[PDB]
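Below: the structure, in structure tokens.
2 protein chains.
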Amino acid sequence: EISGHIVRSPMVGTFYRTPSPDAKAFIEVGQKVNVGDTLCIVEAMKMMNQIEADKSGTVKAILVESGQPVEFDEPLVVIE
Amino acid sequence: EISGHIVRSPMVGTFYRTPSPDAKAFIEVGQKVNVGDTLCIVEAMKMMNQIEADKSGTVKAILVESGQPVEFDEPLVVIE
Ligand SMILES: *C(=O)CCCC[C@@H]1SC[C@@H]2NC(=O)N[C@@H]21
Ligand SMILES: *C(=O)CCCC[C@@H]1SC[C@@H]2NC(=O)N[C@@H]21
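The listed protein sequences correspond, in order, to chains A and A'. A prime marks a further copy of an entry chain.
Residues 77 to 156 in PDB author numbering are what the first sequence spells out, letter by letter.
Residues 77 to 156 in PDB author numbering are what the second sequence spells out, letter by letter.
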């Protein structure tokens, strides 16, 4: 059912929506993003990987909640 | 940009995706739901309101994370 371009995790770690515990989220559903825009962060033992959009579009859905563990290739964000 | 049928909060309270702190979520993006299916819970001072689907379709997006406060009429879930 999930149609659109799916941005997947490039690593095993913990998913975060924000640049810090007190900051606002990089993106929200309905937001337009451009190639290169940071969508989220996946962290593993303090190694923090900033996941960027590989194509421009609108954020259709965010599939994981902040603080949740993600696997390699796990769907994170859908862009339409 | 958010196209589809939007299920909104009927009250001011706290949004929860699960029936208990240790349970799995009622729904996930991509899941097909039928009228009457529970999508989430909004809680205010232990008054727990189970939000049900008013139409059948596929969950396109979930707009709030568990434990976050929601306002009256705030968009919660999008059904396509
Ligand atoms: C390390 O274990 C200390 C906490 C690290 C927090 C980082 S900053 C970027 C991520 N966003 C967030 O909310 N927490 C993560
Ligand atoms: C009251 O303040 C005690 C905690 C109430 C927990 C309830 S059970 C249904 C909701 N889901 C969840 O994860 N927590 C909420």
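Positions of the beta carbon are idealized from the N, C-alpha and C atoms, including for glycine.
- Within chain A, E141 have C-beta atoms less than 7 angstroms from the C-beta of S142 of chain A', given in sequence order.
- Under DSSP, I155 of chain A' shares a beta bridge with A':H81 and A':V135.
- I78 of chain A' belongs to the set of residues whose beta carbon lies under 8 angstroms from a beta carbon in chain A.
- Counting along the chain, the unbroken beta strand (DSSP E) around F91 of chain A' starts and ends at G89 to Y92.
- Taken from the Cβ of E141 of chain A, every heavy atom of ligand 2 lies 7 angstroms or farther away.
- In the DSSP assignment, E128 of chain A falls within the beta strand (DSSP E) that extends over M123 to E128.
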